[PDB]
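Novice:
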Amino acid sequence: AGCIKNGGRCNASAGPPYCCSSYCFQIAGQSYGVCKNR
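So the sequence shown is numbered by the deposited numbering: it starts at 1 and just counts up by one.
Quick look at the structure:
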């Protein structure tokens with residue numbers, strides 16, 4: 001599906017599918033990750 005390189009949304013705690021540039025930054029608090037370049 002579509003994705004965002006400079007600000008994508010992902011979730012490594014609920015089945016991480018794939019980000020726009022293979023990167024995903026998530027922290028341990030609300031279960032939220034952001035995608036970026038590599």
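For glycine and all other residues, C-beta sits at the position ideal for the given N, C-alpha and C.
Whole angstroms are fine: how far does the CA of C3 sit from the CA of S13?
Specialist: As a working note, residue 13 is residue 13 in the sequence shown. As a working note, residue 3 is residue 3 in the sequence shown. About 19 Å.
Novice: Please say whether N6 and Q26 have beta carbons closer to each other than 8 Å?
Specialist: Residue mapping note: residue 26 aligns to position 26 of the sequence shown, counting from 1. Residue mapping note: residue 6 aligns to position 6 of the sequence shown, counting from 1. Result no, Cβ atoms of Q26 and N6 do not sit closer than 8 Å.
Novice: If we ignore side chains and look at the alpha-carbon of each, how far apart do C35 and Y18 end up?
Specialist: Locating residue 35 in the sequence shown gives position 35, where the first residue counts as 1. Locating residue 18 in the sequence shown gives position 18, where the first residue counts as 1. Distance between the alpha carbons of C35 and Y18: 9 Å.
Novice: According to DSSP, is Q26 helix, strand or coil?
Specialist: Counting from 1 along the sequence shown, the entry for residue 26 is found at position 26. The answer is strand: DSSP assigns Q26 an E or B state.
Novice: Could you pull the start and end residues of the beta strand (DSSP E) that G8 belongs to?
Specialist: Numbered from its first residue, the sequence shown carries residue 8 at position 8. Residues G8 to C10.
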